[PDB]
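# Structure at a glance
Residue-level listing of the chains:
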Amino acid sequence: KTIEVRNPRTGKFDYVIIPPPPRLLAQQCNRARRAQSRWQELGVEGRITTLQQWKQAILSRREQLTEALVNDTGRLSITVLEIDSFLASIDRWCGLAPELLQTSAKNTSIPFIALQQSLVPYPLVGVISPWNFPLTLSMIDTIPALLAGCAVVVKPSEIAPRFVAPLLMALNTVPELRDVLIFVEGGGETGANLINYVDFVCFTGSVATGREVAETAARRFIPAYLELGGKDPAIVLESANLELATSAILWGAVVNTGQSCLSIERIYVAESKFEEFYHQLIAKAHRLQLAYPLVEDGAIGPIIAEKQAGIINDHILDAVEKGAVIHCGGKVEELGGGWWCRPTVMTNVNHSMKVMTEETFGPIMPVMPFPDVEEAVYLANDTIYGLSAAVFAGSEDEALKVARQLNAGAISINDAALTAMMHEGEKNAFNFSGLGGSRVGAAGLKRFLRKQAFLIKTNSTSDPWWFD
Amino acid sequence: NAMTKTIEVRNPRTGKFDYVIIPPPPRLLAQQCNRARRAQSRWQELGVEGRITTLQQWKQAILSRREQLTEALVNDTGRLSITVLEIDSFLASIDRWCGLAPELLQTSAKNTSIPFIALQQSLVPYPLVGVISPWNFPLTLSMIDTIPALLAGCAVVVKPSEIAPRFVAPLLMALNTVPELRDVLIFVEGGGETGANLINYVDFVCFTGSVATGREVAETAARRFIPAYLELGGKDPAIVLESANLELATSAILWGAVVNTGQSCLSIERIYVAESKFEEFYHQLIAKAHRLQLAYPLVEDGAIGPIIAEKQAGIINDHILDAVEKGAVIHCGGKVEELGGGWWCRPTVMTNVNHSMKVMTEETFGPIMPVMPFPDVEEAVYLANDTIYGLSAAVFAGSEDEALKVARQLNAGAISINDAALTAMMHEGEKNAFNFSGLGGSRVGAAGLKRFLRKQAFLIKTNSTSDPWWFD
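Listed as the method for this PDB entry is X-ray crystallography; the listed resolution is 2.0000 Å.

Here it is in structure tokens:
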């Protein structure tokens, strides 16, 4: 086949990707494996020098990466931020890696047994990345895996694949890296095939597809790191600073047009503040502009995937059919060939609605009151997801008391969606939001290494447990 | 209405049925899991120090009835001296994990790269962990994951093998005197089907056993979307270089190959020796092997117990026959035989062996020592790595640096250096299995407890002005 690629601003097919037949894919993976030994033998310092050289080449060509990513996503401002975030992660991982990969030696509790430890990388890691943040999410696991000494095959989404071209141009300057960081183009089928060739699979995407990757990884007997989305709730208690809360939650709910695993998708507000809160939220939402007709015109980009426009449209109709009230926005519309939805605030909502239970991935703010904290905690936990949450209160201590009862990996306190902006904080997904541990620090780079122990007899008498 | 299924349990010394267990049907099993879940909140809210007190109370009760534990485990395994060690090792493991847990569970508070955002971390246990454990070290392997999971604040359902279940009765009797533990540590009886059923009810599954069953547990866990920790056996090699201390190497490899009659994931099952020392080595090995006695007719009469499971007796017998058909030479032992109704095999040294034979490729789980020469280290490494397993290995040489050079080439998680099977005696050294020997990280050290906890980050806005990235 080939696959025609839609432009999310114009709606025209304007790019073509070529998915590898099984035989070519097998060959690219084997080439990366042959090259991985030398990559590993370079040592972590050589790998850092190499990644910095690649970083310098990417910077030189930054305008090409920016243009490709604008074409992929239909927006500029977040595009600049993706690029900045990617470049910073290169520097941050390069600064952590030497210490994280240090071998160690120690004596044990048995006087004549000493211990040495080493760390051995998985030779080939497969990354299957999503279309919503094409660059940062194709690279978030790739960079630490490469620094660990793995080769990595990256298969970005067929929906947003243009950004790879300038990354490949930049690799033409870096021969050592170019043989171990491999880009492959294709759809879901190419993703499934890739899992058959690799030693470790990282997948980011929908819960349905992720559960397939889990089952395939287990049948191949390889580890899998999965991040499968969220229905992150915000809880606003009575004592909350409402001016900060409405600004935080608006941002958290509509940044990237809500196309994020980390988007605030459900909002729960203490009954005695409900009206004031949602009225303020609307006022703030109304100020935001669509990036239309030009990319410069506003914060809010188009819905990138056609299929997602249909889901968002469906969630709204389902909500209204069930009685919801739309205060602003609320329409998935075509403009200039692209699909758009404005920041949308709805009330008279509940958990019988898709928009409060299934991932929406849109700029939707459904707001529900609650009579007491136990109900708020119950509603917030009433989900198959468990990625993140936000709790607002007059003090940090009373927000934390609630946050500790939520079944989610990262909880923002008197703020929302903080993990979209910062790297710190070790977290495990709850429920169906993921498996495989955390990305931060020791645990995040060491996912990609097997630990080996060497247990060394240092004396010359019989061990006391032998038969003699 | 429906008949209550029961399973009769063979005594490995006598070959007769002398015990009955009653597996719970899916409906009853689900009920017991739900009871443990209800009790788990209070267990988590006790805090690690309260959980430690409770585990030590349980340890005290077990110690008060040690003879009953020993008697049940002798009955399960057919042997005494390794029973005493299992019990001692279990008891020390409760102490060791009690010692480590507070530090592993402590919250932390830190600044971040943003001056108005603070970070706190905490740890939330999986509420219900399932453990499915094998018959070869029934006590220690039922408890190796259970104990750190309990200290983490999990409830745990433990399903030991139907082949060796009797050790549970004295544990349970001790357990019921400890009121805070007795509704969160649940023992269930049954075979493979009960194990499969349990995976449907838990949040996390630990399984130790055969590669084929472990592969099925991996796939079931994935369909349920829960974590699985898997330890699936080994074909651990020992490499003896030309410079080795042969006196130590022959004692270490004998112990590593035949302790527990070779019924161990960590048993040395393949032995590669420099060609110039090959003859001298196998003759010394034979002499030492030949000194070992079966624990027959009485448990006191020797170090080597019976083959515990009949099916394993069949496998060992098949490996010996396949080997002989393909040219192997048996120097000692070499017969799976019935004595007093039990199945037995003596320590067996064989030569003229190669990787066309089952005994060199498929897990044997018996007291068999096939010994092959090598012309050079490159071949020794190739042979040691020619396996679908990757649990452990041993290398012997004249110096630690010579052995380590070779050891670093091996695809295995734990390599013993100038010794063999050290992971059977020691619990330090984080290790990941290679190839089909396992998945899910390490059960040793820190990570061995932290696998049972989900990390939660709290990112806290400490100031009152707009975040610069908002639309304000």
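Moving on from the model shown.
Attention now goes to the overall build of chain A. Scanning chain A from terminus to terminus reveals 16 helices and 20 strands. Here the C-alpha radius of gyration of chain A, 24 Å, is about what a compact globule of 468 residues would show, namely 23 Å. Overall, chain A is about 80 × 55 × 40 Å in size when its C-alpha atoms are taken along their principal axes. Intrachain contacts of chain A at a sequence separation of at least 6 include 72% that bridge at least 24 residues.

The parts lose accessible area when they come together, and the size of an interface is often stated as this lost area. All names here are of chain A. What the domain assignment reports for chain A is domain 1 (1–229 + 423–468) and domain 2 (230–420). Taking only C-alpha atoms into account, the centre of domain 1 sits 31 Å from that of domain 2. Counting residues at the interface gives 27 residues for domain 1, matched by 37 residues for domain 2. Summed over both partners, the interface of domain 1 with domain 2 buries about 2500 Å², with 61% contributed by carbon and sulfur atoms. For the domain 1 face of the interface with domain 2, the top three residues by lost area are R6, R9 and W131, together amounting to 26%. If you look at where domain 1 meets domain 2, you find 1 salt bridge. One salt bridge in this structure joins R6 and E306, with 3.9 Å as the shortest N-O distance.

The strand order β3(A)-β4(A)-β20(A)-β18(B)-β17(B)-β10(B)-β11(B)-β16(B)-β15(B)-β12(B) describes an open sheet built from 10 strands, whose pairing is mixed. Each of the sheet's edge strands pairs with one partner strand only, and the pair in question is β3 (104–107) of chain A together with β12 (329–332) of chain B. Across this sheet, the average inter-strand angle for adjacent strands is 20 degrees, counted without regard to direction. Sheet analysis places strand β11 (residues 268–274) of chain B next to strand β16 (residues 368–374) of chain B, joined by 4 bridges and oriented parallel. By the bridge assignment for β16 of chain B, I271 of chain B is matched with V371 of chain B. The strands touched by helix α11 (residues 278–291) of chain B within the sheet are β10 (236–240), β11, β12, β15 (348–351) and β16 of chain B, with β16 of chain B carrying the most contacts at an inclination of about 170 degrees.

Turning to the nonpolar core, a few remarks are in order. Judged by nonpolar contacts, the single largest core of 145 residues is most densely connected at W54, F86 and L177 of chain A together with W58, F90, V129 and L181 of chain B. Top element by residues in this core is helix α4 (residues 81–105) of chain B. It accounts for 9 residues. Not counting residues within four places of it along the chain, the set of residues in contact with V129 of chain B comprises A149, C154, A155, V156, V157, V202, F204, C206 and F452 of chain B. Membership of the second largest hydrophobic core comes to 48 residues, among which are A245 and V345 of chain A together with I114 and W470 of chain B.

Time to look at the domain arrangement of chain B. All names here are of chain B. The domain architecture assigned to chain B consists of domain 1 (1–233 + 427–472) and domain 2 (234–424). Here the C-alpha centroids of domain 1 and domain 2 sit 31 Å apart. Between domain 1 and domain 2 the total buried area reaches about 2500 Å² when both faces are included, carbon and sulfur atoms providing 61% of it. By the criterion of area lost to domain 2, the three top residues of domain 1 are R10, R13 and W135, representing 26% of everything that side buries. Inspection of the domain 1/domain 2 interface yields 0 salt bridges.

Once that is clear, we can look at the pattern of salt bridges. Side chains carrying opposite charge are able to pair once their charged atoms draw close together. Residues and elements named next belong to chain A. In this structure the tally under the stated criterion is 33 salt bridges over all chains. For the salt bridge of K354 with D314, the shortest nitrogen-to-oxygen distance reads 2.6 Å. A residue pair is termed long-range when its members are at least 10 positions apart, and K354 in the loop between β15 (344–347) and β16 (364–370) and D314 in helix α13 (residues 306–321) qualify at 40 residues. Look at the salt bridges and you will find they share partners, linking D141, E227, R439 and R447 into a network.

Residue and element names in this part refer to chain B. Within this numbering scheme, the UniProt entry marks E231 as carrying the feature "active site" (unreviewed entry). Residue position: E231 is located in strand β9 (residues 228–231). When residues no more than four places from it in sequence are discounted, the contact partners of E231 are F207, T208, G209, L391, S437 and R443.

Residues and elements named next belong to chain A. With 16 residues, α13 should reach 22 Å at 1.5 Å per residue; the first-to-last C-alpha distance of 23 Å fits that figure. Looking only at α13, the buried set comprises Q308, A309, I312, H315, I316, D318 and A319. On the buried face of α13, the contacting elements are β14 (338–340), β15 and β16.

Residues and elements named next belong to chain B. Looking at the element boundaries, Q32 is found in helix α1 (residues 26–45). Using a relative accessible area of 25% as the deciding quantity, one classes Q32 as partly exposed. Separated by 169 residues in sequence, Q32 and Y201 place their C-alpha atoms 9.8 Å apart. When near neighbours in sequence (up to four residues on either side) are disregarded, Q32 contacts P24, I186 and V188.

Attention now goes to the pairing of β16 of chain B. A regular strand carries its side chains on alternate faces of the sheet. All names here are of chain B. With 6 of 7 residues buried, β16 is to be regarded as a mostly interior element. As judged from the 3 bridges shared by β15 and β16, these two strands associate in the parallel manner. In the sheet register, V349 faces β16, and the bridge partner there is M369.

Attention shifts here to the packing of aromatic side chains. All names here are of chain B. Within the structure shown, the criterion is met by 17 aromatic pairs over all chains. Seen in terms of ring centroids, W135 and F365 are 5.8 Å apart; in terms of plane orientation they differ by 75 degrees. Their pairing is edge-to-face. Highlighted residues: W135 in the loop between β5 (128–133) and α5 (138–143) and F365 in the loop between β15 and β16, separated in sequence by 230 residues. Overall, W135 belongs to the buried group, its relative accessible area being 14%. Assessed through its relative accessible area of 9%, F365 is described here as buried.

Rules of the game
Residues numbered from 1 in each chain as written, not as in the entry; some residues may be left out. Chains lettered and ligands numbered in written order. Heavy atoms only, no water. Residues with missing side-chain atoms left out of burial classes, pairs and counts. Helix = DSSP H or I, 4+ residues; strand = E, 2+ residues; numbered from the N terminus. Rg over C-alpha atoms; globule rule 2.2 N^0.38 Å. Contact = heavy atoms within 4.5 Å. Domains from an automatic or database assignment. Buried area = accessible area lost by both parts, 1.4 Å probe. Salt bridge = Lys/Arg side-chain N within 4 Å of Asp/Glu carboxyl O. Pairing = 2+ DSSP bridges. Axes fitted to C-alpha atoms, helices over the stretch in contact; angles between N-to-C directions. Core = buried A, V, L, I, M, F, W, Y, C linked by side-chain atoms within 4.5 Å. Buried < 20%, exposed > 50% of the residue type's maximum accessible area, 1.4 Å probe, protein only. UniProt positions renumbered as here; feature names shortened; annotations may be inferred. Expected span 1.5 Å × (residues − 1). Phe/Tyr/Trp six-rings, centres within 6.5 Å; stacked < 30°, edge-to-face > 60°.

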